[PDB]
Protein chains: 16
Amino acid sequence: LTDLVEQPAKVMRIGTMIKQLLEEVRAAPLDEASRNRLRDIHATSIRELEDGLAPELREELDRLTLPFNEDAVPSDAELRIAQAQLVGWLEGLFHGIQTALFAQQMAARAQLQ
Amino acid sequence: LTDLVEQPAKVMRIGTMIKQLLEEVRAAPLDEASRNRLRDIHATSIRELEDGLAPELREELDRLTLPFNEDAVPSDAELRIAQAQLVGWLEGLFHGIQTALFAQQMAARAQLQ
Amino acid sequence: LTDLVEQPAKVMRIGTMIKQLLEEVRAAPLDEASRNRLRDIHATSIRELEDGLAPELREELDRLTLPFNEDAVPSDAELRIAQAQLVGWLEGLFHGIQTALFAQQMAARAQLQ
Amino acid sequence: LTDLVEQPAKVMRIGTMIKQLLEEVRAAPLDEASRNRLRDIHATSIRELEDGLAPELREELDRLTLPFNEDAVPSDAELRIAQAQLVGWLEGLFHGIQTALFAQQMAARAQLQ
Amino acid sequence: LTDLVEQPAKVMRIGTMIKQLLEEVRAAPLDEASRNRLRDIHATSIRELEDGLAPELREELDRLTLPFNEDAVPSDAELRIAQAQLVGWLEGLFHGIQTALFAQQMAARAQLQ
Amino acid sequence: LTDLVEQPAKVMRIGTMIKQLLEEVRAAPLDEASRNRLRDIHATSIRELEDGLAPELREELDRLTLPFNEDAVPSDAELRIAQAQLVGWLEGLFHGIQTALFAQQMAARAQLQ
Amino acid sequence: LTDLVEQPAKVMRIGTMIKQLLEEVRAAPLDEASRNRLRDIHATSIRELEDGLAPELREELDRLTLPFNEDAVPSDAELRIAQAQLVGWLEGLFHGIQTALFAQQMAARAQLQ
Amino acid sequence: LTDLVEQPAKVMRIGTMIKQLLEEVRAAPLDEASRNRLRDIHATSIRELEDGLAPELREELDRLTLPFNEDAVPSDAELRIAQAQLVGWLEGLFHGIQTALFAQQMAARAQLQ
Amino acid sequence: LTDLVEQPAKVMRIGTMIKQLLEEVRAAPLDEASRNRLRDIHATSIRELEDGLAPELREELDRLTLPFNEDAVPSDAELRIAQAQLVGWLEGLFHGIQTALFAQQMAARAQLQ
Amino acid sequence: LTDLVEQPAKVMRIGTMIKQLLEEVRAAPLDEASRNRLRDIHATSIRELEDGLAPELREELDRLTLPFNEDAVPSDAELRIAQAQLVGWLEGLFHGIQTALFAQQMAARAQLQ
Amino acid sequence: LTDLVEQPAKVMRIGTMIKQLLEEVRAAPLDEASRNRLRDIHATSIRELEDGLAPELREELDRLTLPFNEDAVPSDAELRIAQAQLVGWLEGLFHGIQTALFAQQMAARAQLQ
Amino acid sequence: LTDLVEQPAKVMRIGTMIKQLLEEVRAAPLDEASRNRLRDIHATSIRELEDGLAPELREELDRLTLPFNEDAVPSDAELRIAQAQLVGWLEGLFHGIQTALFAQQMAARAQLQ
Amino acid sequence: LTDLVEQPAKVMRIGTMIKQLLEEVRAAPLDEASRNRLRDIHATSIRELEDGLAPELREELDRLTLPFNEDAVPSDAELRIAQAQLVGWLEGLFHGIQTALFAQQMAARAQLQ
Amino acid sequence: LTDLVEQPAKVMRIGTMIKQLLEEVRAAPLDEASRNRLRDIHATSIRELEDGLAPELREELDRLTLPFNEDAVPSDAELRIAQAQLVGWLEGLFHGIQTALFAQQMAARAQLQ
Amino acid sequence: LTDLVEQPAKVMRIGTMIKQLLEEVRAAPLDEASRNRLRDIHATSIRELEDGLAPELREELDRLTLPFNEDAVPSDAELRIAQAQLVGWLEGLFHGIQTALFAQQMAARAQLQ
Amino acid sequence: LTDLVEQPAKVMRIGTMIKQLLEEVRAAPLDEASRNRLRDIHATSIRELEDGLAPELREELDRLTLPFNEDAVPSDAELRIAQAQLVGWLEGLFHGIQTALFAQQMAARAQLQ
């Protein structure tokens with residue numbers, strides 16, 4: 001919990017943002033003005049993600065992630081690869097949270113009966 | 001918690017507006033006269049959204065959003081990206097509210113039994 | 001909650017004490033050695049009760065209650081009267097708690113949906 | 001919370017012993033040889049109970065309880081008053097424990113959904 | 001678990017023996033030939049009980065229990081007090097085991113899903 | 001586990017015998033001619049019981065049981081004591097066996113899913 | 001058992017990431033700039049996976065896995081081969097672990113009844 | 001159980017690997033770099049498979065299976081044939097395991113009742 | 001004589017009654033059922049006393065005596081005080097009788113010689 | 001004078017019987033089975049006493065005495081009160097008879113000299 | 001004389017037996033074999049007493065006494081009550097004999113001079 | 001008169017023997033080897049007593065006495081009961097004789113004066 | 001010549017334009033603003049070429065060429081293919097012109113001598 | 001001879017076109033949108049080539065060439081194979097033309113001198 | 001012919017200026033301040049070119065050229081495209097001039113010899 | 001001339017074909033779709049080759065050449081071997097022709113001087 005996510009409300013917030021934008025890249029091809037946007041949004045979403053994570057996960061994210069180069073406009077492929085990577089990493093982080101929340105709840109309910 | 005959204009009825013209202021307009025750009029391409037409208041609508045929707053958020057979410061919303069180029073009529077791609085960004089940001093905002101609101105309900109209902 | 005009972009775990013403890021002691025006077029008549037005990041017990045439960053109640057309820061309990069005389073051995077009637085008076089007052093205090101506890105729950109659970 | 005009861009398995013063990021022995025004093029009258037036994041059992045049972053309680057509950061248990069007189073064999077009435085007192089005090093202790101432990105189970109299960 | 005009971009199968013065995021013998025003393029009065037039996041059985045059952053308990057509980061049982069004098073034939077009262085005392089202590093020990101057994105099962109079942 | 005009872009069909013058989021005979025002494029008082037029978041029946045039933053038990057339980061049964069005085073025809077009280085002693089010992093024996101027997105089943109049913 | 005995976009929350013986290021990225025290579029063909037990303041992500045994902053695995057699983061993971069050739073940009077085929085390999089390898093690991101964890105739940109739940 | 005598979009957790013792991021890789025060859029045709037990989041993967045999976053099986057199955061797998069040649073790149077047909085051969089053999093091995101596991105469970109639960 | 005006691009045989013009768021009852025309260029403490037009796041006895045002994053005394057001594061006794069209240073059970077102290085008061089009053093009344101009886105004898109014995 | 005007691009041999013007989021039983025209640029505490037005897041003995045002793053007394057002493061004896069409540073077994077305290085009452089009442093009865101009888105003997109011996 | 005006792009030599013015989021046996025029950029507590037003895041002696045002693053008394057006293061003794069129930073071993077209390085009851089009744093019968101025997105002697109000695 | 005005791009020197013002799021042995025059981029508890037002696041002595045002492053009594057006293061003694069169980073060793077209590085029974089019965093026998101012996105002495109001494 | 005090219009001065013003009021623009025697409029990658037230009041330029045260069053060619057070559061050029069779709073921005077690849085295609089076709093036209101122009105000169109230079 | 005090629009200016013023209021396009025596939029890798037063009041261009045180039053070739057060369061060209069598959073977008077390898085095939089086939093065609101054409105020049109110049 | 005270019009010295013002058021500026025954009029990337037210059041320079045260079053071309057070339061140049069967007073700063077790519085467009089068009093313009101100017105020089109030299 | 005090549009223009013055509021295709025296998029690695037093509041091309045080029053050679057060279061070519069198998073895709077090595085084998089054989093065939101063409105010319109040119 002707190003050992004992983006410092007701001008739980010914020011990580012899901014940005015998490016849903018990254019997810020629905022990912023579902024947009026698949027919907028229709030984009031143009032340079034839109035691909036250039038998602039690059040800026042992906043960079044800012046990670047910067048905003050690290051503010052809500054524990055020190056351990058910040059570094060892990062930096063080891064796994066690859067910031068885009070601001071001199072070349074990425075492709076619809078890169079944007080899908082980069083975004084879905086965060087979507088899976090957050091959903092696996094969240095699935096780790098929900099399994100531990102199950103352990104804490106059932107343990108107190110069993111420590112009572 | 002509720003310290004995050006000051007005017008819930010006002011925030012969710014505009015959010016539903018951004019959601020249904022997002023479903024329209026998906027349906028069929030638009031013309032220049034309408035894209036300029038959605039651009040104007042996108043700007044005013046954020047302004048009315050900031051009035052209903054806390055200062056912490058205000059700045060965060062501004063750090064994540066991208067103002068349009070006043071001199072160029074954006075494409076259907078930009079408008080889908082900008083709008084879906086807000087739709088995702090708001091759904092993650094609400095999921096943080098309801099998970100804590102449900103947490104409040106099952107804490108008092110259990111503090112009784 | 002905080003407006004009435006300061007130490008909830010302590011109040012329902014002593015109450016369940018006084019409750020089961022009341023079921024003993026009904027079970028069989030007592031002798032001087034036991035009546036003198038229940039009076040001594042009844043005094044201490046009230047002193048331990050005032051420590052666990054809010055200032056307003058302390059006075060109300062003091063205005064309603066009648067301390068026993070420490071020179072005459074009370075009857076089985078007084079002990080039933082004195083104790084059952086508290087049992088009803090404690091059950092009425094908790095029913096005041098639980099009616100609001102459901103209000104806190106069913107209102108927060110409804111403020112979400 | 002569980003800071004109140006240090007050895008729960010031990011506190012409830014001795015409690016169950018005092019409860020069923022109480023069911024014996026009600027079942028049939030006793031003789032001096034058996035009344036003397038319960039007094040000895042009553043003394044050691046509280047000593048073993050205080051070892052399993054927190055210091056605050058020790059004092060409260062000590063402020064509420066009454067050590068027997070070794071010079072007089074108590075009556076079947078005294079032993080019922082003394083024992084049921086602890087039975088009521090012990091059942092009220094757990095009711096404080098189970099209501100908060102039940103609160104832990106539903107609050108964490110709600111912080112997830 | 002093992003910190004409390006070394007031979008679980010044996011303690012529930014002797015326990016059911018002590019319980020049904022307790023239910024016989026209540027059924028009809030006994031004679032010196034029968035009262036003398038239960039004393040020897042109660043003495044041997046405790047010796048056989050200590051073989052099946054952990055070192056901590058052996059000591060606790062000796063502190064709570066009172067061995068009979070082999071110079072006077074006890075009463076139907078004494079035999080009921082002695083036996084029911086063991087019955088509650090064993091039933092409270094078992095209720096302590098089963099409450100913790102639920103904690104072990106509901107914790108591994110929750111740490112998995 | 002089953003290391004305890006060598007002849008399960010035989011141990012449970014004789015047990016039901018003493019159980020139903022226990023229910024007969026309870027129903028009505030007996031005469032010297034039938035008490036002498038029950039004394040003989042109790043002796044032969046233990047002998048037939050040891051053939052179906054493991055050596056550890058053999059001595060334990062011998063440590064717990066009390067052979068009758070062949071001189072005096074025992075009373076309805078002794079016969080209730082001797083018989084109910086075995087009935088409790090046997091019921092506690094079976095619950096220890098089947099509780100582990102259930103453990104074998106649900107462990108394999110869980111090792112499959 | 002649990003000694004196999006040292007950091008389950010971390011192993012599964014990275015697992016979900018690799019799984020969803022696999023669903024992206026499948027969705028649409030990629031370009032050379034994005035294929036270079038997935039190769040880099042594949043290398044860092046395994047590096048972070050071995051940190052959360054025991055040495056026995058490491059070597060087994062290392063004996064089974066195939067580092068990419070850096071002088072050549074892999075195909076959309078290779079990236080599917082490599083990733084799906086881990087996804088199956090990771091899903092079988094949990095199914096091997098969780099099936100024994102389920103055995104812990106039903107064996108203790110049966111060791112009680 | 002013990003007579004067929006020595007390391008059950010490992011065998012269902014690799015099986016779930018080989019299974020999902022089989023679903024990749026069906027999804028799209030492969031290139032020389034990917035076909036060459038799956039062959040290397042298939043060889044290593046059998047080495048990791050033989051380590052986890054009983055000696056009889058080691059030989060049975062060796063009698064049924066056909067190792068690939070390391071000088072020619074196999075076709076999409078061979079790789080489907082080779083892998084699917086193992087998938088059926090692994091699913092058939094487990095159904096032999098699971099059908100007996102129900103026999104062990106449903107028989108011990110019936111030997112108890 | 002005639003001016004003091006009208007029925008001397010009756011007063012010495014009741015006096016020995018009230019006297020011997022006084023030696024019982026000193027012998028061992030009493031219970032509510034016996035204290036309630038002695039109160040009833042003390043009143044009836046006084047009513048039967050006034051019937052056997054001259055009018056002057058009646059009123060003297062009424063000025064000296066204090067009737068018990070019939071709604072509260074007196075203490076062993078009151079009962080000791082109340083009865084001993086009569087015993088001293090009767091023995092002083094009798095010592096007045098015997099001193100005059102000797103005066104009648106030795107004066108008539110002196111008129112002769 | 002002797003008209004007071006109609007059957008002197010019968011009254012004093014029963015009186016001696018009541019006196020020595022009183023010395024038995026003092027010697028050791030009694031049980032419910034023996035207390036019930038003395039209550040019945042107390043009732044029949046008064047009945048046999050009224051047959052040997054004159055009507056004036058009958059009603060006086062009935063006005064002073066208190067019949068026991070057949071619905072409750074009295075205590076050793078009540079039986080001491082009731083019996084000692086009669087012993088004192090009877091000893092005062094004889095002292096009233098013997099003092100006047102001594103007066104008769106010193107009147108005829110003096111009417112001669 | 002003959003109006004009351006038919007066999008004077010026999011009544012003082014059995015009387016002494018009943019008296020010294022009474023002094024034994026006080027001396028030390030008894031066992032069932034001894035308590036059962038004294039019941040048989042007390043029953044036969046009354047039977048042997050009735051053979052030596054006049055018809056009037058037979059009936060009075062039967063009205064005063066309470067035969068024991070042969071279907072329960074009396075207590076040390078009952079045997080003391082029953083025996084002491086006869087001891088006083090016999091001592092009061094003899095004191096009635098001695099008071100009249102002196103009257104017969106001193107009257108004939110005075111009818112001579 | 002002398003028709004009752006045929007051999008006075010023998011009856012009194014053996015009587016003193018039983019008396020002094022009674023004073024020995026009172027002094028200290030006995031062991032099984034000595035209780036068997038006193039039981040044997042009690043049988044022969046009655047046998048030698050009947051030889052010195054008239055047939056009427058033989059049967060009467062037999063109607064009052066209780067033969068011991070040859071197959072069971074009596075307790076310290078029985079021996080006191082049996083012996084004290086004889087001691088009292090013998091003293092009452094002589095006191096009846098001695099009272100008549102004085103009648104022979106004083107009546108003949110008065111026929112002279 | 002006249003049968004192939006109507007405006008020779010114009011074709012080598014636009015041809016040189018297409019050639020040097022082709023050398024720019026090779027020189028550095030382009031952006032949507034530049035890729036969009038070359039599409040418009042390539043379309044207008046073909047339109048201006050057909051005005052300068054004979055009817056036979058106009059048709060052949062349209063059969064060989066593929067106009068771009070104005071509703072999508074082409075790649076640096078498409079523009080290179082489209083442009084280079086024209087460059088060779090124009091260079092092949094000129095080599096056909098130059099080979100015949102040498103035939104016109106050399107044949108007349110030989111028709112003279 | 002010159003009957004081989006009916007339209008020399010046209011065969012060389014298209015030949016130059018295919019040659020320089022080959023120089024583009026070599027220059028940089030292509031994308032699916034451009035690879036699809038070269039397939040379409042390759043088909044129309046052969047169609048325009050046969051119009052300028054003799055029937056013998058048509059079939060020979062048709063016997064040597066390979067029509068593309070509609071479904072698959074060819075690779076940079078296929079397009080290089082297909083195009084270079086024609087360029088080599090065409091350059092060998094011209095070498096057959098020019099070597100005999102040069103033979104005419106030296107034969108007529110020698111038939112004169 | 002010369003009817004095409006009215007001011008040859010001016011047409012080539014400005015052309016060389018666009019050519020050498022083109023060699024500068026290739027040399028190093030530019031900044032917004034210089035791109036704004038080249039954009040203005042490109043506009044005036046075409047204006048000064050049209051003054052020196054014939055009306056027919058004015059339109060063709062205008063039909064081929066593309067005015068820049070003055071609300072957006074063009075890229076380094078567009079400027080290379082726009083400039084190279086002119087550089088290619090101008091060299092092709094002169095090659096049409098130079099081929100006819102040389103044609104005049106060989107025609108008069110042949111009309112003389 | 002006629003002794004070796006029947007259709008010289010055709011053989012140097014296919015040779016220049018086979019030669020230029022060989023320079024492609026060296027240029028970049030191929031895929032299965034291209035390797036399968038070049039094999040098909042190589043087979044048909046030989047069939048077209050045998051049509052253009054003299055019968056002696058046909059058989060020699062068949063003795064030297066090795067036709068490919070049509071069920072396995074050859075390697076880039078085989079394709080380089082197969083074609084280069086022909087290219088050398090063709091260049092050696094042509095170099096023999098040029099030496100004989102040199103023989104025909106120089107011998108006739110010398111027969112003149």
# chains A, B, ... in the order shown; residues from 1 in each chain; ligands from 1
>>> interface_residues(of="chain G", to="chain F", cutoff="8 Å", atoms="only C-alpha atoms", output="MDAnalysis selection string")
chainID G and resid 99:100 102:113
>>> write_last_selection(atoms="N, CA and C atoms", output="CSV table (one decimal), in the first residue's frame")
chain,number,residue,atom,x,y,z
G,99,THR,N,-2.1,-22.8,-7.0
G,99,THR,CA,-2.8,-24.1,-6.7
G,99,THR,C,-2.3,-24.7,-5.4
G,100,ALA,N,-1.0,-24.5,-5.0
G,100,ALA,CA,-0.6,-24.9,-3.7
G,100,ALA,C,-1.1,-24.0,-2.6
G,102,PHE,N,-3.9,-22.5,-2.7
G,102,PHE,CA,-5.3,-22.9,-2.5
G,102,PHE,C,-5.3,-24.2,-1.6
G,103,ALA,N,-4.3,-25.0,-1.7
G,103,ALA,CA,-4.2,-26.2,-0.9
G,103,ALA,C,-4.0,-25.8,0.6
G,104,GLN,N,-3.3,-24.7,0.8
G,104,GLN,CA,-3.1,-24.2,2.2
G,104,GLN,C,-4.5,-23.8,2.8
G,105,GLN,N,-5.4,-23.2,2.0
G,105,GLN,CA,-6.6,-22.8,2.5
G,105,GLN,C,-7.6,-23.9,2.9
G,106,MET,N,-7.7,-24.9,2.0
G,106,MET,CA,-8.7,-26.0,2.2
G,106,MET,C,-8.2,-27.0,3.2
G,107,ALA,N,-6.8,-27.1,3.3
G,107,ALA,CA,-6.3,-28.1,4.3
G,107,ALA,C,-6.4,-27.5,5.7
G,108,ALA,N,-6.2,-26.2,5.9
G,108,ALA,CA,-6.4,-25.7,7.2
G,108,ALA,C,-7.9,-25.6,7.6
G,109,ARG,N,-8.7,-25.2,6.6
G,109,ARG,CA,-10.1,-25.2,6.8
G,109,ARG,C,-10.7,-26.6,7.1
G,110,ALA,N,-10.0,-27.6,6.7
G,110,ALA,CA,-10.4,-29.0,7.0
G,110,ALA,C,-9.7,-29.5,8.3
G,111,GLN,N,-8.5,-29.0,8.6
G,111,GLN,CA,-7.8,-29.3,9.8
G,111,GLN,C,-8.6,-28.8,11.0
G,112,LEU,N,-9.6,-28.0,10.8
G,112,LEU,CA,-10.4,-27.4,11.9
G,112,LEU,C,-11.7,-28.2,12.0
G,113,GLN,N,-12.4,-28.5,10.9
G,113,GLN,CA,-13.7,-29.2,11.0
G,113,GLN,C,-13.5,-30.7,11.3
>>> select_by_dssp(residues="chain B", states="helix (DSSP H, G or I)", output="ChimeraX atom specification")
/B:8-27,32-50,55-64,76-112
>>> residues_around(residues="residue 73 in chain D", least_positions_apart="3", cutoff="12 Å", atoms="only C-alpha atoms", output="list in words")
residues 33 of chain C; 30, 31, 32, 33, 34, 35, 36, 37, 38, 39, 40, 68, 69, 70, 76, 77, 78 and 79 of chain D
>>> residues_around(residues="residue 41 in chain O", least_positions_apart="6", cutoff="12 Å", atoms="only C-alpha atoms", output="list in words")
residues 14, 17, 18, 21, 22, 34, 35, 47, 48, 49, 67, 68, 79, 82 and 83 of chain O
>>> decode(residues="range 85-107 of chain E", atoms="N, CA and C atoms", output="compact mmCIF listing (two decimals), in the first residue's frame")
# COMPACT_ATOMS: atom_id res chain seq x y z
N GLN E 85 -14.99 -27.29 35.51
CA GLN E 85 -13.85 -26.40 35.38
C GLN E 85 -12.94 -26.83 34.24
N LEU E 86 -12.66 -28.13 34.13
CA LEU E 86 -11.84 -28.62 33.03
C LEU E 86 -12.58 -28.50 31.71
N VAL E 87 -13.90 -28.74 31.73
CA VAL E 87 -14.69 -28.70 30.50
C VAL E 87 -14.65 -27.31 29.88
N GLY E 88 -14.83 -26.27 30.69
CA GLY E 88 -14.75 -24.92 30.16
C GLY E 88 -13.36 -24.56 29.70
N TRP E 89 -12.34 -24.95 30.47
CA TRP E 89 -10.97 -24.62 30.12
C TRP E 89 -10.57 -25.28 28.80
N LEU E 90 -11.06 -26.48 28.55
CA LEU E 90 -10.75 -27.16 27.30
C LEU E 90 -11.56 -26.60 26.15
N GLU E 91 -12.84 -26.30 26.40
CA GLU E 91 -13.70 -25.72 25.37
C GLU E 91 -13.25 -24.32 25.00
N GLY E 92 -12.76 -23.55 25.98
CA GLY E 92 -12.19 -22.25 25.68
C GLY E 92 -10.85 -22.34 24.98
N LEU E 93 -10.06 -23.37 25.30
CA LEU E 93 -8.83 -23.61 24.56
C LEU E 93 -9.13 -23.94 23.11
N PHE E 94 -10.14 -24.79 22.89
CA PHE E 94 -10.49 -25.18 21.53
C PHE E 94 -11.07 -24.01 20.75
N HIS E 95 -11.90 -23.18 21.39
CA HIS E 95 -12.44 -22.02 20.70
C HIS E 95 -11.32 -21.03 20.37
N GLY E 96 -10.26 -21.00 21.17
CA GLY E 96 -9.07 -20.24 20.81
C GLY E 96 -8.30 -20.82 19.63
N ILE E 97 -8.28 -22.15 19.51
CA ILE E 97 -7.59 -22.78 18.38
C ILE E 97 -8.36 -22.54 17.09
N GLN E 98 -9.68 -22.74 17.13
CA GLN E 98 -10.50 -22.64 15.92
C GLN E 98 -10.56 -21.20 15.41
N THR E 99 -10.51 -20.22 16.31
CA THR E 99 -10.49 -18.82 15.87
C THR E 99 -9.18 -18.49 15.17
N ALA E 100 -8.07 -19.07 15.66
CA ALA E 100 -6.79 -18.90 14.98
C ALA E 100 -6.69 -19.78 13.74
N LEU E 101 -7.31 -20.97 13.75
CA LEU E 101 -7.31 -21.81 12.56
C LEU E 101 -8.02 -21.12 11.40
N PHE E 102 -9.09 -20.37 11.69
CA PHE E 102 -9.73 -19.56 10.67
C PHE E 102 -8.79 -18.48 10.16
N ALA E 103 -7.95 -17.93 11.05
CA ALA E 103 -7.01 -16.90 10.62
C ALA E 103 -5.96 -17.46 9.67
N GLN E 104 -5.48 -18.69 9.92
CA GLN E 104 -4.48 -19.27 9.03
C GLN E 104 -5.07 -19.58 7.65
N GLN E 105 -6.31 -20.07 7.61
CA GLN E 105 -6.92 -20.46 6.34
C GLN E 105 -7.32 -19.24 5.52
N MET E 106 -7.93 -18.25 6.16
CA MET E 106 -8.43 -17.08 5.46
C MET E 106 -7.31 -16.12 5.09
N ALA E 107 -6.11 -16.37 5.63
CA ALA E 107 -4.95 -15.57 5.26
C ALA E 107 -4.22 -16.14 4.06
